[PDB]
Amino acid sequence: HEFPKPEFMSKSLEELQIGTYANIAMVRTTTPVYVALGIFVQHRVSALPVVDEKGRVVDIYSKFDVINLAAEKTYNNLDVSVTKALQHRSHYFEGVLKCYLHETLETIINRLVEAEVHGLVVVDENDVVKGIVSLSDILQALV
């Protein structure tokens, strides 16, 4: 009974209707961590696209990023920028940040597993946010 089904691994994100494409919560490179933490606790979404001055995705900020900040032995306050998370990892340069609607479920799954990341930002031709794909969305496709 193969897991995952080969006929669904070969279908695109668009075809499978996988991800969230409305009401996306996101932040800027100039956003302090206190704003992200407020979003996580009060708005309750799992990952935040981080966009530069042009609206282009340059990182994804997760709840684990906050915990990583909290564990730092150097002195921090919450007025630190979300871009300080980049000292621990670069989702961007490892090619495990973004994805496209036309990409296959197999491609997306291989990308998640590549860096052990829980989410990808769906972008357009200008790297501008269209949606988000998280492990929950993939699990709905895997059923």
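Just count from 1 along the sequence shown to find any residue number.
**Q** Determine, for stretches 88-96 and 35-43, which one has the higher mean CA B-factor as deposited.
**A** Comparing averages over the C-alpha atoms only gives 88-96.
**Q** Tell me which stretch, 5-13 or 122-130, has the higher mean Cα B-factor listed in the entry.
**A** It is 5-13.
**Q** In terms of recorded Cα temperature factor, pick the maximum from 59, 106, 114, 65.
**A** Answer for 59, 106, 114, 65: 114, with the highest C-alpha B-factor.
**Q** Taking the values exactly as deposited, rank residue 101 by C-alpha B-factor within its chain and report the matching third: lowest, middle or highest.
**A** It falls in the middle third of the chain.
**Q** For residue 76, return the chain-relative third of its C-alpha B-factor as stated in the PDB record: lowest, middle or highest.
**A** Ranked within chain, residue 76 CA B lands in the middle tercile.
**Q** Lowest, middle or highest third: where is residue 83 by Cα B-factor in its chain?
**A** Residue 83: CA B-factor falls in the lowest third of its chain.
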